[PDB]
Each structure stands twice: as structure tokens, then as C-alpha cells.
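First to last, the protein sequences are chains A and A'. A prime marks a further copy of an entry chain. FYI, the numbering for the first sequence is 2 to 327, 351 to 379, going by PDB author numbering. FYI, the numbering for the second sequence is 2 to 327, 351 to 379, going by PDB author numbering. For every residue, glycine included, the Cβ atom is placed at its ideal position computed from N, Cα and C. Right, one structure below, let's go through it.
2 protein chains.
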Amino acid sequence: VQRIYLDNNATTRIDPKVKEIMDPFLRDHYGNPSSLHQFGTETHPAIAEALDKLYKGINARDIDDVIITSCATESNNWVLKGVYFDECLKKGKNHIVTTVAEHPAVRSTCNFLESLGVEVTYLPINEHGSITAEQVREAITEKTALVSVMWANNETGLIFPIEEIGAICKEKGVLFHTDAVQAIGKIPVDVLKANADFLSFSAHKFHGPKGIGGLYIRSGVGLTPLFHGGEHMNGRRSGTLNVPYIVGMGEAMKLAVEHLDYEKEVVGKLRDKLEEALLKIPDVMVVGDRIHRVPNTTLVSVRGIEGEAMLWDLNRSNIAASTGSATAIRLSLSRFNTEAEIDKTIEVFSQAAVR
Amino acid sequence: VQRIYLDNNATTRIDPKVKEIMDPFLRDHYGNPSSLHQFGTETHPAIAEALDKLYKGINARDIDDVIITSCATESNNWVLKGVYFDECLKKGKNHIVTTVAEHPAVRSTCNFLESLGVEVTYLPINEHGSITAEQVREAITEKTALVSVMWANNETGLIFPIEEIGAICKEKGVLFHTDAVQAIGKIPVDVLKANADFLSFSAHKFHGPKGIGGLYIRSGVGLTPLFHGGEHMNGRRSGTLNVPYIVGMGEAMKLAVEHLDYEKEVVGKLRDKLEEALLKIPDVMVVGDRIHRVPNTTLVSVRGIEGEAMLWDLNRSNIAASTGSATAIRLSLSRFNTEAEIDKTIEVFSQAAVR
Ligand SMILES: Cc1ncc(COP(=O)(O)O)c([C@H]2N[C@@H](C(=O)O)CS2)c1O
Ligand SMILES: Cc1ncc(COP(=O)(O)O)c([C@H]2N[C@@H](C(=O)O)CS2)c1O
Ligand SMILES: [Cl-]
Ligand SMILES: [Cl-]
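Here it is, written out as C-alpha cells:
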């Protein structure tokens, strides 16, 4: 058999170089980087280079932290629950602005924060499929502990105006967090340019293993531990280190950024090829703006047949895709798709449509 | 060179069978078990068998959960912060009993809970190196939301009387949590026998990778998510699944229990051999009871030379060991140590002592 993966926004294949680099840490360099003897110390060089790759990736500065968590979900609950005790309870600032577009790791947590008595403004999405900096300017009250905006929508692929919100945040003296999970490796990430206080990411969406992630924390921003025990990660996030995956997420980030050109040029072109080919079949129109999107995602709607049905059929022909909201069809390429595969998908998709 | 690992309470070598079993999930079966197409579904059989091994390991029942977390540290912060909003704020029960022996993942979290205004009794350790069920009976107030006792001390290897505390907990209608991280694979774990509501473990202390763990939750016990977003693990712990490690921690648990005989018979004997050999050098006495210990740990004290010094020297001769508290020397075997290695260590240790 020969299959096509087009579900890259839902997880990605670990790059073989990432697998390769992690291996020795599943074999013989199995020591706990905390122990002072030969086994922990042996891991240090590889961990620090891994970390180096991570900072370089998002243009964090030496004086910032990039903390290894177990996923973006961890990262997200940490920023929110952390600013909860820092800013909400203990500085009175009882308001958060977020969006409705956000991943449930953000929304659901907010949901519960509201149940504790926080006020949360879920900024409403407009016709463009976007959020303007102005809306955040507006809802930004004074009780505002934190702004959270995703850098890129996981369903539509839509980029938001982070840099602007970053500025509005700076001027208004409020805390800014971006969930960047869908940006890393899709489009350049610059935290400095974004004046983000906090930035989340998950390895598996850029060819790293599932079950690791990062949170970028600024210069002198504080944030109560979500994992207390203060052993690791300069007190902020306790728990024995996931060495193999740190080393891998490191490689994975490096490679992700190194292919940024590639992603926009080749992958973006493949997504344009699929997209433009597919929309030349009756009543199938793309959801959201098409200009401020990451390269790899298209979200298409086949009016009359709900998407759940397209997926089932497509699966029988060895083509993996996912659901949207609008439900529509989420095709999401990666550096490993080929034009071969796209052509094929256009063919199989169209035939599946008509029948 | 030829090295000896005796630091098994600080991390362990992944068993080669565990590495082997995880591999295909780092290669080709890279899909997100949540997606409904061929890639997510493909992971289901291996995930469910992994889970099966996990329940079987700790004798959890079908109607209980065993939730995959990213480590015991995660597990521990979850039980405590979770009963905080369930029992502390929202049922008034503003008291927790724990011990002083507990891992910082427990203590440090409690510490912060106190800073929110909770009362925590840190049960004081007696001459035996233990805690009696009676003390928990005593401090168990009425405002008592939760009892937390480790099943086995990570420094001394000392087992606690879990089954009794379990009973006291049942009679007194209070919540019981055991951090079992040092029991799995050391001594039989039975949650039913322990009447624990909650049980924590970390894979890497029984030959599974670092960065995964479990929390056992009972029948109908509730516990607010520590990771909200309610996608995964029947709402309780959100975040894309760490497939490779779930599959591995599964194998690892299976193997851990299958060697329970071995651990007590052979490894326990090796630890007795080292222990009894070492204490026949002047003013070197074992810390804590010697009878209610897991098989693999000895904690020895060389009076006159602090332990930090023994470790450095020992490291130069390729023997990895860790610190205690008393600081003493924590030698911790595993199924992979050999008598060869123990003999050698007795020799090298004694020589290092005199000089
Ligand atoms: C009783 C007990 N509970 C929780 C942990 C933490 O597991 P971890 O979150 O993977 O680091 C540990 C860790 N103990 C550490 C040690 O003994 O150095 C390494 S494993 C532990 O012993
Ligand atoms: C914006 C955004 N933030 C956080 C997550 C969660 O990362 P995860 O904790 O590893 O599952 C995701 C996940 N989105 C999921 C999806 O699109 O199905 C899989 S990755 C995300 O898109
Ligand atoms: Cl918290
Ligand atoms: Cl919580």
C-alpha cells in the first residue's frame, strides 16, 4: 500500500534526523541530568545545545527562559493558572482577554477561571476570519491581568497580528501571551518583535516527538509554578528531565526554522496547488482569509456533504485529513508531502465528492 | 572503560525491550490517536494494551482510571491542587495530612497551598525512620480534605504501612493519596489493598523513559483537571498523547512486576551483600530500619567524611551513587547490577574511604 498524510496540524512525522539524535539517550546516556556524577554530567552538553537551538528558534535572549514542559497544553494551563494567582488574586486584576478561536487548552482553562470568578472576554471572530489589534485595545479594561492570542489558528491556518497586539500590550502595561503552536516552523517566530511575555509550543507539530513542549518566559516576568517541587528548570517547572525529547525538540526546532524558506515556497505552493485545484469543483469554497495564513493549511467546505463523510471516504483511499468548524475539511501539508501526492489527492477528493 | 550504575533511585536504564517496543511509534506509526482516520486508529490497539499492562500492574479495576501524565511530579501537583478546589475551597475541608519524608513534588506544592491559607500537617519522622498509622489517625481533624503518604521513601528505601493508613482513611471518610514512585517494580503494588483514592508513579524509576507517569484515580472519585482542555484521557488530562512512551511505560510496568520475585531475591541479596560488606568498615552505619525497605536501596553514612566527597571519588572510579539526608550515601541497585559489580564497589568504596 501507499498512503498520503495530510493531517499535519493534528500531529507530524518525527523527522528521521530527530529520531536519530534522540536514540543515544534511549540507549546508553540514560542518566538523570540532575545527578552530579558521570551519568548526569554526560547529558549536559547535548541538553544545552538542544536548549540553544530552542532560544535561537524563537529569538529568545539569554536573559529570558525557555522552559521545557510536557506539551503546549501544559504551557497553556501554566500561563493562565499562573497569572491567576500572580495577577488575578494577588493584584486584584481580575480580567483576561482572549479569543474564541483559541485552542481548548486556552479556552477550557479560562472557562474554569471564570468559574473561580474571573472575567474573561472571548474576542469575537470577524468575517476576515481574524481579530484586529483594536478589539484587544478595547476590551483591555484595567482589571486586565493578561492578553492571550494564538499566533496562528490550528483549524484555518490564519495568522493573527501579533506584533501589533504586542505593542498595544506594552503601551497598556498588560501581560501578553501567544500560543504559537501552529507558527513554529510554519512562519518566522520572533518573541522580541512580538513583545510577548509568554509563548507556548508543542514539539510534535514540527517534526518533534509528541509529549514535549516549551514555554518562553521574558527577562523578569514571574509566573507561579504549575509543577511545584522546584527542582528543575531554575525552580519554575519541576520533574525529572525528558532528556531524549529535549534533545529531539531541539533538533526538531532547528530543522523547522531551517526549512522556513522551503515551507513558504514549496509547501505553500503545494497547498496552493491543492487548494486552487479543489475549489474548481462545484460549491466548494475555502474558509477564512487566504492571504494571512501559514503556508501548509487549507480549510475547505463541500456544501451539501458534511466533512465527517469526506474524511471517512478519503481514509478508505489512504488519505488522512481532519475536521474544521465553519464542519469543513482540514488539509494540512508538511515538508514531506510531494506534488505526486497532491495531484493524487485532487483526483481522489473530486471522485469522492461526486459519489 | 567499564562503569557501574548504582543510582537507580535517581533514574534507571530503559530496558532494551522497552526501547524496542516504542521504536515503531518514533518511526511510522506517528499518528495522533485522536484523529479518526487510519493513522490515529492504527495506534489504538498498542495504546490499549499498554494501558492494560498499567491497570494490571497496580491492580486497578476496569471502573477506575489510570491517567497518563508527564511524570510523577505532574501526578503529585494534580492530586494536591485538585483536592484543593474540590475539597479545600468548595467543601471547606481546609486540612491536609502529609509527611516530612515526601518528595518535594508533594511538599513544595503543599508549601504553596499553605500560602493560599491551607493547613498542612507534615507528620514527623520517628527513630525507626517510619510513620505509624496512628499519627495519621491523630492529625486527621475534620477539616481533613486529604491524606498523602509515599509508599516508599526515595532516600532510605523505607516502606510505609500503606494498607493501614488506607483503612484509617476509609473509616474516617477522608481522601487517601499514595505517591508510589519508589514502589513500582520494587515491591507489589495493590491499590485495592491500599484503599487509595489516588496513586502516583513515574516510568523512569522502573526502566521506562523519563517524562511519563501515571495517576490512578478510583471508581467515582473526582479531581479537577490540572491540564484543562478536556480532550484526552476522558476529559481529566488534556494534551496530545505521548504514544511512544505510553507504549513503553506499559511494557516497562509489565516487566517491572514480572521481575518482582527477581528484585526481592537477587537484587535484594546484592544490596544485602553490598550493605553487609560495607558496614564492616569503621563507623559506617545504615540510616533507617532495614526490615521494611524495598529490595534495592541502601543508605549508608561514613562518619567523618561527608557524602558529597565519597560520590566525587567514587565517580572518578566509574561508580555512580547519590546523596541522602541523615549527608549519607544512596546506593540503589536494579535488575541490571551483577555480583561482579557489587564486589568491585565494596573494594573501591573501602579504598576510597581510607584515603
Ligand atoms: C517519591 C517520588 N515522587 C516523585 C518523584 C518525581 O518523579 P519525576 O516527576 O519524574 O521527577 C520522585 C523522583 N525522586 C527523584 C530522586 O530520588 O532523586 C528522582 S525520581 C520520587 O522519588
Ligand atoms: C494552538 C494549539 N495549542 C495547543 C495545542 C495542544 O498541543 P498538545 O498539548 O501537545 O496537544 C494544539 C494542538 N492542536 C491540535 C489539533 O489541531 O488537532 C493538535 S496540536 C494547538 O493547535
Ligand atoms: Cl498553579
Ligand atoms: Cl488546577
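- For residue 28/A', collect the residues of the same chain with a Cβ closer than 6 Å to its Cβ; drop the 5 residues on either side in sequence, then sort them by chain order. Numbered from 1 along the second sequence, position 27 holds the residue referred to as residue 28/A'. The answer is none, since no qualifying residue turns up.
- Touch check for the region 254-273 of chain A' and the region 353-361 of chain A': three-plus C-beta pairs under 8 Å? yes
- Task: Establish whether the CB of residue 99/A and some CB of chain A' are separated by less than 7 Å.
- Result: As a working note, residue 99/A is residue 98 in the first sequence. So, not an interface residue.
- Check whether residue 176/A' and residue 198/A' have beta carbons under 7 Å apart: Within the second sequence, numbered from 1, the residue matching residue 176/A' stands at position 175. Within the second sequence, numbered from 1, the residue matching residue 198/A' stands at position 197. In this structure, residue 198/A' lies closer than 7 Å to residue 176/A' by Cβ.
- Exposure label - residue 263/A'; buried when at least 16 CB within 10 Å: Walking along the second sequence from the start, residue 263/A' turns up at place 262. The residue in question, residue 263/A', is exposed, as its Cβ has fewer than 16 Cβ neighbours within 10 Å.
- Just the chain A side, please: which residues come within less than 7 Å of residue 255/A' by C-beta, in chain order? The count along the second sequence starts at 1 and reaches residue 255/A' at position 254. Under the 7 Å cutoff, chain A gives no residues; its nearest Cβ is about 18 Å from residue 255/A'.
- Thinking C-beta only, is residue 99/A closer than 7 Å to residue 89/A? Taking the first sequence and counting its residues from 1, one reaches residue 89/A at position 88. Taking the first sequence and counting its residues from 1, one reaches residue 99/A at position 98. For residue 89/A and residue 99/A, no; Cβs fall outside 7 Å.
- Pull up the DSSP beta-bridge partners for residue 67/A', would you. Along the second sequence, one-based indexing puts residue 67/A' at 66. Note: residue 67/A' sits in a beta bridge opposite 217/A'.
- Query: Nearest to residue 103/A by alpha carbon, out of 293/A, 154/A and 375/A?
  - Reply: Translated into the one-based positions of the first sequence, residue 103/A becomes position 102. Looking at the Cα atoms, 154/A is the closest of the given residues.
- Message: Quick check: does the Cβ of residue 82/A' come within less than 6 Å of any heavy atom belonging to ligand 4?
- Response: Here residue 82/A' corresponds to residue number 81 of the second sequence, with the count starting at 1. Indeed, a heavy atom of ligand 4 lies less than 6 Å from the Cβ.
- Run of the beta strand (DSSP E) containing residue 4/A, from where it starts to where it stops: Position 3 of the first sequence, counting from 1, holds the residue named residue 4/A. From DSSP, residue 4/A is part of no beta strand (DSSP E); its letter is neither H nor E.
- Query: Using DSSP with H/G/I as helix, E/B as strand and the rest coil, what is residue 87/A?
  - Reply: Position 86 of the first sequence, counted from the first residue, corresponds to residue 87/A. Reduced to three states, the DSSP call for residue 87/A is helix.
- Could you have a look at residue 161/A' and say whether DSSP puts it in helix, strand or coil? As a position in the second sequence, residue 161/A' is number 160, starting the count at 1. In this structure, residue 161/A' counts as coil in the three-state DSSP scheme.
- Rounded to whole angstroms, what's the CA-CA distance from residue 290/A' to residue 300/A'? Just pull it up for me. Taking the first residue of the second sequence as 1, we reach residue 290/A' at position 289. Taking the first residue of the second sequence as 1, we reach residue 300/A' at position 299. Near 10 Å, if we compare the C-alpha coordinates of residue 300/A' and residue 290/A'.
- C-beta contact flag for residue 298/A and residue 158/A at 7 Å: Here residue 298/A is taken as the residue at index 297 of the first sequence, counted from 1. Here residue 158/A is taken as the residue at index 157 of the first sequence, counted from 1. Yes, these two residues count as a Cβ contact at 7 Å.
- What residue from 9/A', 84/A', 317/A' and 43/A' has the CA that sits closest to residue 156/A''s CA? For the purposes of this step, residue 156/A' is taken as residue 155 along the second sequence, with counting starting at 1. Among 9/A', 84/A', 317/A' and 43/A', the Cα nearest to that of residue 156/A' is on 9/A'.
- Give a yes or no on whether the C-beta atoms belonging to residue 321/A' and residue 38/A are separated by under 7 Å. Position 320 of the second sequence holds residue 321/A'. Position 37 of the first sequence holds residue 38/A. Yes; because the gap between Cβ atoms is below 7 Å, this pair is in contact.
- Task: Kindly give me the distance between the Cβ atoms of residue 61/A and residue 192/A, rounded to whole angstroms, as I take these residues to be in contact under 8 Å.
- Result: The residue given as residue 61/A occupies position 60 in the first sequence. The residue given as residue 192/A occupies position 191 in the first sequence. Contact holds; Cβ gap of about 6 Å.
- Anything in chain A within Cβ reach of residue 355/A', meaning under 8 Å, just list it in chain order. Start at 1 with the first residue of the second sequence, and residue 355/A' comes out as number 331. What residue 355/A' touches in chain A: nothing, since even the nearest Cβ is about 12 Å away.
- So, does the CB of residue 224/A fall closer than 7 Å to a CB anywhere in chain A'? Taking the first sequence and counting its residues from 1, one reaches residue 224/A at position 223. No - not a single Cβ of chain A' is within 7 Å of the one on residue 224/A.
- Quick one: using the 10 Å Cβ neighbour count with 16 as the cut-off for buried, is residue 313/A buried or exposed? Working through the first sequence from its first residue, we reach residue 313/A at position 312. When all chains shown are included, residue 313/A counts as exposed.
- Query: For the candidate residues 165/A', 293/A', 325/A' and 296/A', whose alpha-carbon lies nearest to that of residue 308/A'?
  - Reply: Along the second sequence, read from residue 1 onward, the residue named residue 308/A' stands at position 307. Considering only alpha carbons, the answer is 325/A'.
- Is DSSP giving residue 120/A helix, strand or coil here? Locating residue 120/A in the first sequence gives position 119, counting from the first residue. Note: residue 120/A maps to strand in three-state DSSP.
- Are the beta-carbon atoms of residue 144/A and residue 94/A separated by less than 7 Å? On the first sequence, residue 144/A is found 143 positions in, with the first residue counted as 1. On the first sequence, residue 94/A is found 93 positions in, with the first residue counted as 1. The answer is yes: Cβ separation under 7 Å.
- Task: Please confirm whether any heavy atom of ligand 2 lies closer than 6 Å to the CB of residue 203/A.
- Result: Counting from 1 along the first sequence, the entry for residue 203/A is found at position 202. Yes.
- Query: Expressed to the nearest angstrom, what Euclidean distance is found between the alpha-carbon atoms of residue 40/A' and residue 231/A'?
  - Reply: Position 39 of the second sequence, counted from the start, is the residue given in the question as residue 40/A'. Position 230 of the second sequence, counted from the start, is the residue given in the question as residue 231/A'. Taking the straight line joining both Cα atoms gives about 22 Å.
- Alpha carbon of residue 340/A' to alpha carbon of residue 147/A', nearest angstrom: Residue numbering in chain A' breaks between 327 and 351, and residue 340/A' falls inside that break, so it has no position here.
- In DSSP terms, what residue 311/A' is bridged to: Looking up residue 311/A' in the second sequence gives position 310. DSSP lists no partner for residue 311/A'.
- Euclidean distance between Cα positions of residue 347/A' and residue 52/A': Gap in chain A' between 327 and 351; residue 347/A' lies inside it and carries no coordinates.
- Query: For residue 169/A' versus residue 219/A', is the C-beta spacing smaller than 7 Å?
  - Reply: By 1-based counting over the second sequence, the position of residue 169/A' is 168. By 1-based counting over the second sequence, the position of residue 219/A' is 218. Contact: no.
- Query: Along chain A', which residues have their Cβ under 7 Å away from the Cβ of residue 72/A?
  - Reply: Here residue 72/A refers to the residue found at position 71 of the first sequence. Correct list: 240 and 241.
- In terms of DSSP beta bridges, what is residue 286/A paired with? Within the first sequence, numbered from 1, the residue matching residue 286/A stands at position 285. For residue 286/A, which the question treats as bridged, DSSP gives the partners 302/A.
- Query: So which residues of chain A does residue 312/A' contact, with C-beta pairs closer than 8 Å?
  - Reply: Position 311 of the second sequence holds residue 312/A'. Within chain A, the residues near residue 312/A' are 37 and 38.
- Item | Own chain residues within Cβ distance below 6 Å of residue 122/A, not counting five before or after | To locate residue 122/A, count along the first sequence from 1; it is residue 121. Within the same chain, residue 122/A has close Cβ partners 98 and 140.
- Task: Flag residue 199/A' as yes if its beta-carbon sits less than 7 Å from any beta-carbon of chain A, otherwise no.
- Result: Counted from its first residue, the second sequence places residue 199/A' at position 198. With 7 Å as the cut-off, residue 199/A' does not count as an interface residue toward chain A.
- Please work out which residues of its chain come closer than 7 Å, Cβ to Cβ, to residue 125/A, disregarding the five sequence neighbours upstream and downstream, and give them in chain order. Taking the first sequence and counting its residues from 1, the one referred to as residue 125/A is at position 124. Result list for residue 125/A: 101, in chain order.
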